[PDB]
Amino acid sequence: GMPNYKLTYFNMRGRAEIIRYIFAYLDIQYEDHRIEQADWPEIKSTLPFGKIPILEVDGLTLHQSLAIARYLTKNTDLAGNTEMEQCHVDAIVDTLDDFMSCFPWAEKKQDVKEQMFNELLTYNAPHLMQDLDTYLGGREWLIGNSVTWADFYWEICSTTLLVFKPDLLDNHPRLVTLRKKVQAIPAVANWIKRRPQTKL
């Protein structure tokens, strides 16, 4: 039968949400294991590397959110439809992840953390939004003729950015339309209704 899938991450959307969307879209059953921050050192001690999310697939522990997402979407409708499309999917996702990963999520000094979030959102985020809008143009989805997991990743990253900067897309209605289209995909809409509500 199907594998036993167990996703481990914090009780946040964060870096695990892309995998959660993929499982929902593919209608694949999984255990959505959410740990408290206090229990990270114990979990970490059991892993080959030093980060979450990780995905157990039967007896195998996978790591790296995008490596996992790519694996789960291979040979599904969420992959790019062609080899080149798969390159473009990968590139857009890495561009989004690169930007999200610039935020000092783990900075313990709160004043330093807030200053850097504000700088990134005020002076850098608009340039990424403009690059993404130009890249999308008048097309329905970011890559090819149908939805890919890059579209999911756009909606996920932008949801978190909008928490901190609600007017991020005021000048980019086409990027708003794309978010709404992802959110209206039935399996995604259903997951959004039912998922734990967390800030991040």
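Here the rigid core means the biggest group of C-alpha atoms that line up within 1.5 Å when the two forms are laid on top of each other. One-based numbering along the sequence shown.
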Is the larger C-alpha RMS shift in 7 other deposited structures of this protein, relative to this form with the rigid core superposed, found in 43-51 or in 163-171? 43-51
Between the two ranges 22-30 and 165-173, the one averaging a larger CA B factor in the entry: 165-173
Given the B-factors recorded for C-alpha atoms, which segment has the greater mean, 107-115 or 75-83? 107-115
By the entry's C-alpha temperature factors, tell me which of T46, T148, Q64, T159 sits highest. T46
Top Cα B factor in the deposited entry, candidates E140, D131, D58, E155: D58
Taking the values exactly as deposited, rank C102 by C-alpha B-factor within its chain and report the matching third: lowest, middle or highest. highest
